[PDB]
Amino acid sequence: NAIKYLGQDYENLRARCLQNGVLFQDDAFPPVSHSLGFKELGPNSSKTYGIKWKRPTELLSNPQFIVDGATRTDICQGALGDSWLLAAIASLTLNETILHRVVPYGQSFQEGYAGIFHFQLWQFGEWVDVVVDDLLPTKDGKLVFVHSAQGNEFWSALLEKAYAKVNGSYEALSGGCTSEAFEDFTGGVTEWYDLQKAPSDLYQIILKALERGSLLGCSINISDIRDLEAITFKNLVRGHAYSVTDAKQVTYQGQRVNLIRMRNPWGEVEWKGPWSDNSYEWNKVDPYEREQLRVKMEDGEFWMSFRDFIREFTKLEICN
């Protein structure tokens, strides 16, 4: 029984909509421009041209809250600079325990559906339950913001809306610190590392962190200040949070090489250097080992040697 955000009671509201034969519309975060934004996503912006609020039940004949589990592939960033949040959610899915906390199970578009969903966040120094109606920003029938690789899955889009709600609007989520999201999802201790001054046992730190199910994210801070959000020649994006999803050692040409796996919340655009999906290095590794690690697929997830990682990336964040 978490603390009810703004006093909105999920069960009561759902029950009331059901009895009144209507679907929920949230007075605290209504389907209007003010929930979208105030400037770049404000009512007078071309970025919001053609945006229409629609429920999944208005979009598809068989919408689903969760399809084939709530995993990181269900996190594909939309037209919003909230990679910090999205990278946190992706990592969150790697910890069943915390995942079930944030995303209450038992929600669907079938039995008991009334156009209302809820999520729990660590806010105001406590666990809070936040509700939202399922009206989502769309353009041409497709979700404008976060969406799942599964076109009929909506749990991540609804979770992102709930986070947008407590912050005031989707635009309020434009640009941020991955650690803030980690905290808002765990209430745990966050710590960051300057990769240019990486500890000698940082890889070891990463290993145990991943083992315990901690949340890890990394990013690249470039010189250019007046710009934000942009890729490079090495196909990496700056000021963009990536979820660190694994850390494994392999035998290359007869020796131990420390590798690290991460995922771009865009769900696409990957590193093309050593150890990339179709890189040459995978040929000089025993089939078994490379069969269990390498995956050829444009999914935004890829491996890098730990050596290249600490050179290319500048910041690493870990939640407890």
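Each residue number is its position in the shown sequence, starting from 1.
Here 40 to 48 and 279 to 287 are compared by their mean Cα B-factor, and 279 to 287 comes out higher. As recorded in the PDB entry, 293 to 301 is the stretch of 19 to 27 and 293 to 301 with the greater mean C-alpha temperature factor. Going by the entry's values, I225 shows the largest Cα B-factor out of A241, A90, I225, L173. Within the selection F117, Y163, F182, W155, the deposited Cα B-factor values reach their highest point at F182. The PDB entry assigns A198 a C-alpha temperature factor belonging to the highest third of its chain's modelled residues. Residue-level temperature factors show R55 in the lowest third of its chain, judged at the C-alpha atom.
Per the PDB record, residue ranking by Cα B-factor puts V132 in the lowest third of the chain. Per the PDB record, residue ranking by Cα B-factor puts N320 in the highest third of the chain. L215: CA B factor in the middle third of modelled residues in this chain (values from the PDB entry).
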